[PDB]
């Protein structure tokens, strides 16, 4: 049984956009922070420094300008940093125009999103499952290893820049990774035990996405008011939490984000709260473990995280065979979030059951399910590019 997003914590009905934006949204953001992801301890830190390390105006055979940027989270050269890779379509900037952007984290390093041999190899810890890794270190053989999730050339040909950062720059995806992370520097309390409401990897990954947006605001080649933040699976959990917390993001795409992302936790289908916390104890707050095999006690569910994107366009998508993510749970979260989008005059999927494969449904709140297993395919990206065409042609007032 789901909590109503349009009934406030004190029982009062939310009938208007101002009550939603200025009372209900903060209420919900604090519940997710305390009980699920942990508290984001600060937004933009003082002293952000942006250093363009490489700049090639004829990348991808002339189709793109490629930028690599060190985004340091403080002015001292000893503060932590992340490495941002950016491809911008030369066709747009040759017209004296700023390109809209797709921004998303990657799983195995910037050098894996494209075979482009001029990308810096990540100098960070790489997980064991990464293709062609030599003892947790990037290798030349890993180049383009994950390019099937990154149709860079097609995205650029449709008029969008592509920005990415390796999630492991922010928090290595391993159970001890928070100790080697922004979190270890940022909320570096004198103590050692992680506090019960301290953020984990998803919170730290999300914060990195907002810091990448800070960089895009300074880059004259891109329009930072037209940024679609996207992610696949665990990095899609991060894209949703980033897009919910930071309403600068123009559009939000959740590709098969599953448990603790778009899927309802109270459905108890596929991956559950207990299973995700037991396998990935660093992803959520320790407080989220209160709900292991007790999802009935959750004071929110993930439809309210989706509602936190409203009125900005939100795309939630599933893969038919990806039962672990609970595709029907992701769809029903979209349906339970729709009344908030409707409050703002937007439309969600028509229907009470999962649509047929490869038949997207909904207006600014959109869903599709595609055939096959978990992944981020050319078919997913085709639907996202049409979505962005419709809801990200926003360079006019």
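Numbering follows the first chain given and starts at 1.
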{"property": "Comparing 248-256 with 113-121, the one whose average Cα B-factor in the PDB entry is higher", "result": "113-121"}
{"property": "Stretch exceeding the other in mean C-alpha B-factor - 126-134, 141-149", "result": "126-134"}
{"property": "Residue, from 272, 164, 181, 287, that the PDB entry assigns the highest Cα B-factor", "result": "181"}
{"property": "Residue of maximum C-alpha B factor among 229, 84, 317, 190, per deposited coordinates", "result": "190"}
{"property": "Cα B factor band for residue 312 (lowest, middle or highest third within the chain)", "result": "middle"}
{"property": "Among modelled residues of the same chain, the CA temperature factor third for residue 389", "result": "middle"}
{"property": "Lowest, middle or highest third - CA B-factor, residue 356", "result": "highest"}
{"property": "Lowest, middle or highest third - CA B-factor, residue 72", "result": "lowest"}
{"property": "Among modelled residues of the same chain, the CA temperature factor third for residue 78", "result": "highest"}
